[PDB]
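Notes to accompany the following structure.
No hydrogens, no waters, no symmetry mates; every other heavy atom, side chains included, goes into these values. Lettering of chains follows the sequences in order, A, B, ..., and the numbering in each one begins at 1.
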Protein chains: 4
Amino acid sequence: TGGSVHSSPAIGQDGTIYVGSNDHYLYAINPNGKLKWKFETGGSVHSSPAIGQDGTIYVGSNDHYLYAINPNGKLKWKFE
Amino acid sequence: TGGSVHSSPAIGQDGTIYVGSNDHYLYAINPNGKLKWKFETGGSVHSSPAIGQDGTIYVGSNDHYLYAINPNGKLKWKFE
Amino acid sequence: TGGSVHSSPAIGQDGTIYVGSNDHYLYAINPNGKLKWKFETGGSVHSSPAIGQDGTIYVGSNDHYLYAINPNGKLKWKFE
Amino acid sequence: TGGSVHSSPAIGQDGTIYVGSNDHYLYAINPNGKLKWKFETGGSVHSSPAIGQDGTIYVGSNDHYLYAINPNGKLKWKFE
């Protein structure tokens with residue numbers, strides 16, 4: 001990534017690896033090591049993502065929001 | 001939240017998202033992105049919550065206590 | 001505890017809460033909020049404990065060791 | 001290890017303990033406390049490893065890469 005990965009990776013049901021970067025992105029990486037998508041936050045992602053039972057990816061940023069991201073990489077909502 | 005979310009979210013059995021803020025709150029957020037409740041601690045919550053088998057939410061604060069919070073957002077106990 | 005809890009709590013099979021303190025202890029706390037035991041390390045425990053399938057508690061210290069602690073609070077081994 | 005263990009240990013299906021060190025290694029430790037292997041990264045491993053369903057070990061370094069490591073300690077891939 002463009003920054004330190006302090007974020008601890010979370011693993012989807014299909015083996016997708018979700019991890020925050022200090023570069024401000026949440027990364028979705030396929031088991032093959034190819035980018036699936038990256039989600040632009042406003043701040044460093046030191047928070048380790050969590051995966052809901054419907055596959056939703058939750059993670060906090062230094063931009064003060066908790067992000068809920070759809071498995072396809074589109075914002076579901078952000079909580080300030 | 002009112003602060004950085006370094007806290008890694010934990011997910012309840014019903015999909016509730018629990019996460020600490022540097023603003024001193026533990027947040028319970030519904031899958032829909034609406035606040036369920038927030039619990040006021042004395043310090044930054046960098047600790048990532050854990051969920052007991054009875055649904056109890058455990059998390060540490062920079063105020064030096066480990067908090068046990070009922071799913072309804074009321075204090076069960078704090079350990080100094 | 002005697003310090004900040006940056007350590008994220010881990011939950012045993014019986015509901016025991018394991019958490020590191022910057023005070024240098026790993027704490028085992030019963031679901032009732034009473035101390036079960038505390039294990040003295042040489043350094044801050046920022047590491048979040050993990051629980052093996054046999055109930056062994058693993059956690060790192062700023063004293064440079066990974067600790068394996070028996071459920072009864074006695075050292076199994078430490079890896080430098 | 002040669003450094004602080006801020007990395008939270010992850011546990012394999014066979015009970016293998018995976019943990020990052022600030023010394024730049026990911027360590028695989030047998031339940032008996034003997035080194036299985038250590039994987040050399042370019043930076044501090046503060047990230048807590050995660051284990052895929054095929055046993056792959058994922059972890060980020062301060063060297064900016066997310067590492068995918070085979071259970072036998074050989075690099076599968078790294079994502080910058």
I'd like to know if the side chain of C:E80 and the backbone of D:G2 have a donor-acceptor N/O pair within less than 3.5 Å. no
Among the listed options D:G12, D:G3, D:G15, the residue most often paired with chain C at heavy-atom distances under 4.5 Å: D:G3
If you tally heavy-atom pairs under 4.5 Å against chain C, which of D:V19, D:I17, D:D23, D:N22 wins? D:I17
C:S61 versus chain D, heavy atoms under 4.5 Å apart: side chain, backbone, both or neither? backbone
Part of C:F79 within contact of chain D (heavy atom distance under 4.5 Å): both
For C:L66 and D:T1, run side-chain contact (heavy atoms from CB on, under 4.5 Å): C-alpha distance rounded to whole Å, both residues' side-chain angles, the deciding distance at 0.1 Å, then the answer. CA-CA 7 Å; C:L66 179 68; D:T1 74; 5.5 Å; no
Interface residues of residues 30-50 of chain C facing chain D - heavy atom cut-off under 4.5 Å: C:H46, C:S47, C:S48, C:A50
